[PDB]
Each structure stands twice: as structure tokens, then as C-alpha cells.
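Asks: Dropping the structure in here first, questions after.
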Amino acid sequence: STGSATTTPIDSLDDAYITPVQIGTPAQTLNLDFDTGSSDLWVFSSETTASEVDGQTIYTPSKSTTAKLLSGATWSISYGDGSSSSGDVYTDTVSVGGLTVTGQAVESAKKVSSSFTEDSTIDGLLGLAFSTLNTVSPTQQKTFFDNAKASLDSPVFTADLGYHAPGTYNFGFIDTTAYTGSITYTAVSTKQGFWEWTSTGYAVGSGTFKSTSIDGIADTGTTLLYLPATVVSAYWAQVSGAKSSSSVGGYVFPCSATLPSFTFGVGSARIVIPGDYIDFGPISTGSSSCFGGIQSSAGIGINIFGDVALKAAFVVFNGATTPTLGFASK
Ligand SMILES: CC(C)(C)c1cc(CC2(N)COC2)no1
């Protein structure tokens, strides 16, 4: 089997991407944030504290004839930005782009933090990291991908995110019309539960390529590109007037600037992030200071190849017995 679904930026800046997901019987369609950096499928629901729901579409398990309470199971998650959610768990039928999993753990939110409430466009998350990160207790649950894997034509999914445009998540097959040249595959470590790999280096604009190992994770659920301070300093040094601002919380630059591209290495291959991809617009409405799409990972503990990097490529998440990652230009 295979699945194929369009993913759409939630706003003009590509701050996140949402993908329609069918849950339950009859189908209830929610727009979820596909996140290769976590491993819980959780949704706004009829159980979510009323004051914490503001415009989201909710899952109502009592209206699904295939929903079953997973007795005694609870979940609680906190993300890198300080946001959080928690609740209980149902199993139900979940379909993505024509691909159906029965008995999927659907984590129903009783509580969500303010940042989730404030984002009316995201009805929940669908985690695509490794199932070892799933927060369901006392019995850990599998991801949608993990559950689907045996039935898929090939044990893979691919991320094809658009720049200011829709893109595609495919399951079970590689669309050879969706990229240019060849796909370069690279080793993955699952030891932290992430799609963790090692980039071979970087270049800034037309500058010379610096060969250097950069360990990080392929994370669709993170908007920006977070890299070592040395690397990030080298990038923003090429932009007149750019600077790190503690009050804003990262590198900003004059909105009148033309940003240089950023190249990252995948083995011997190179993925080029165009300058425009790195512009995340005025820090506040009407400001002439713009927020940068490449930021320091110094205060994170890990480097993160988020959407800024991933949208520049066709990305293969290969979930074979030994998982790997593939990158192609497009
Ligand atoms: C910023 C990173 C490290 C990617 C991240 C991921 C998360 C969510 C989890 N706690 C890890 O899987 C569940 N919180 O921070």
C-alpha cells in the first residue's frame, strides 16, 4: 500500500505545514502538523478544556463508531519551545492520503499550552520520529508510520515541502518525478529516537565549502535551521547590519538586505538553500528589522535541520531495519 497527501503552509512565512488526516468512522478530518521530531499523534478534541480551544477542529471520539478508549493510558508531552499538551488515549482508524491504519493510538488532548490555543490552523501533531519517544504511559504506543510500515510497498516516507507553496508527504514509495539528479543517502543514528544524521559541511553564498561534521536531526516540525554558533556567525557576517539580539531572541537583519544562500553537505552532495528561504519577515508588524531563518543551536543541545533546510530538498525517510536518510535537489 501507499499514501500521498498535500501539505500546506499555515501562513505566508511557512511557519508550519498542515496535512489533512482522516480520523474515525465516519471520517473526521483534522489538519495536523507532521513532525519527524516527535512521536505522538495527538489532537484537539471534545475533551480539551473549553477555554483552551480557539478555532481548531476537534476530534469527537463518541461520534466515531471505531473509537475505543485505551483503558488507563495517559500522555504528556513538552516540546523544545516550551509548549505542551496532555490527555488520554483512544485507538481508532487513521488515514493519510489514502493510506489507512486501524488501531492507531489517537491521543486526545485534555490540556494544551497557550501557543497551541493561539494557533487556530493546527488541530494537532502527527509524530514521525521513532516510537521510542512516544509518551503514552504505561504502555508506549507506535507512530502512524511504525504501524503502517509492514503494509507499505516500501518502508519509507518522503517529505517534499514547498517554499511559500504546497508540497507533499508520500508513504510507501519514492516519486522519481519529484526531484532532480540523484538521491544521496546518509547514515542515521536512532540512539536518541530522532532521524539523526551527520552533515559533511557548509558554504555561505558563493563562498568555499567548509568540510566539517555537523550532527543534527531532520525535523519537519521545526521551522528554522539551527546550527553551531560558529557556522551561524559565519553566515550572518555576510549580511550588512545583521546582528544577534537577546531582546528579540536571535539573529535579525535589515529587511532591505539581500540574503546569501546557504549550502549544506550530504556526503559528497550539496543542498542549496536560496537566500529568500532564510527571510522570516519583520520581527513585529511594520518593523524594518527582519528575523533570520538560520539560528544558533547553542542553547538547544542539538542541531536541527528544520523546514528552512528541508524545503530546499526532496527528503527520504527510510525506515528499513537499518534506517537512512536521503536528500535530493529539486
Ligand atoms: C527541540 C527538540 C530537541 C527537537 C525537541 C523535541 C521535543 C519533543 C520530545 N520531548 C522529544 O520527542 C518528544 N522537544 O524538543
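Going through the C-alpha cells in order, the chains are called A, B, and so on, while each chain numbers its residues from 1 and the ligands are numbered from 1 in the order shown.
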Hey, what's within 7 Å of residue 16 (chain A) if we count only C-alpha atoms and toss same-chain stuff fewer than 5 positions away? As a PyMOL selection string, please?

Replies: chain A and resi 9-10+223

Asks: Next, write the just-selected residues to a file, as an mmCIF file, in the first residue's frame, keeping N, CA and C atoms as the atom set.

Replies:
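Once written, part-v8.cif looks like this:
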data_model
loop_
_atom_site.group_PDB
_atom_site.id
_atom_site.type_symbol
_atom_site.label_atom_id
_atom_site.label_comp_id
_atom_site.auth_asym_id
_atom_site.auth_seq_id
_atom_site.Cartn_x
_atom_site.Cartn_y
_atom_site.Cartn_z
ATOM 1 N N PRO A 9 1.517 25.334 3.805
ATOM 2 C CA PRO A 9 2.000 26.237 4.857
ATOM 3 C C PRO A 9 0.827 26.905 5.568
ATOM 4 N N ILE A 10 0.929 27.068 6.883
ATOM 5 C CA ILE A 10 -0.162 27.680 7.642
ATOM 6 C C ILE A 10 -0.249 29.206 7.474
ATOM 7 N N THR A 223 10.612 24.958 12.453
ATOM 8 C CA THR A 223 10.523 25.883 11.327
ATOM 9 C C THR A 223 11.882 26.277 10.754
#

Asks: Can you pull out the residues contacting residue 150 (chain A)? Cut-off 12 Å, using only C-alpha atoms, and skip same-chain residues under 6 positions away; I want them as a count of residues only.

Replies: 10

Asks: Please provide the set of residues having any atom within 12 Å of residue 30 (chain A), restricted to only C-alpha atoms, with same-chain residues fewer than 2 positions apart removed, written as a PyMOL selection string.

Replies: chain A and resi 18-24+27-28+32-34+41-45+56-60+94-96+106+120-126

Asks: Calculated over only C-alpha atoms, which of the candidates A:107, A:307, A:40, A:81 has the smallest distance to residue 218 (chain A)?

Replies: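 When distances to residue 218 (chain A) are compared using only C-alpha atoms, the smallest one comes from A:307.
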
Asks: Report as JSON lines the residues of chain A within 6 Å of ligand 1, each with its shortest atom pair and distance in Å (one decimal), using only C-alpha atoms and all ligand atoms, ordered by chain and increasing residue number.

Replies:
{"residue": "A:37", "atom": "CA", "partner": "ligand 1", "partner_atom_place_in_ligand_line": "4 (C)", "distance": 5.2}
{"residue": "A:38", "atom": "CA", "partner": "ligand 1", "partner_atom_place_in_ligand_line": "12 (O)", "distance": 4.0}
{"residue": "A:78", "atom": "CA", "partner": "ligand 1", "partner_atom_place_in_ligand_line": "10 (N)", "distance": 5.3}
{"residue": "A:79", "atom": "CA", "partner": "ligand 1", "partner_atom_place_in_ligand_line": "14 (N)", "distance": 3.4}
{"residue": "A:80", "atom": "CA", "partner": "ligand 1", "partner_atom_place_in_ligand_line": "15 (O)", "distance": 3.3}
{"residue": "A:133", "atom": "CA", "partner": "ligand 1", "partner_atom_place_in_ligand_line": "12 (O)", "distance": 5.1}

Asks: List as a ChimeraX atom specification the protein and nucleic acid residues near residue 54 (chain A), meaning an atom at most 10 Å away when only C-alpha atoms are counted, but skip any in the same chain fewer than 4 places from it.

Replies: /A:50,116-121
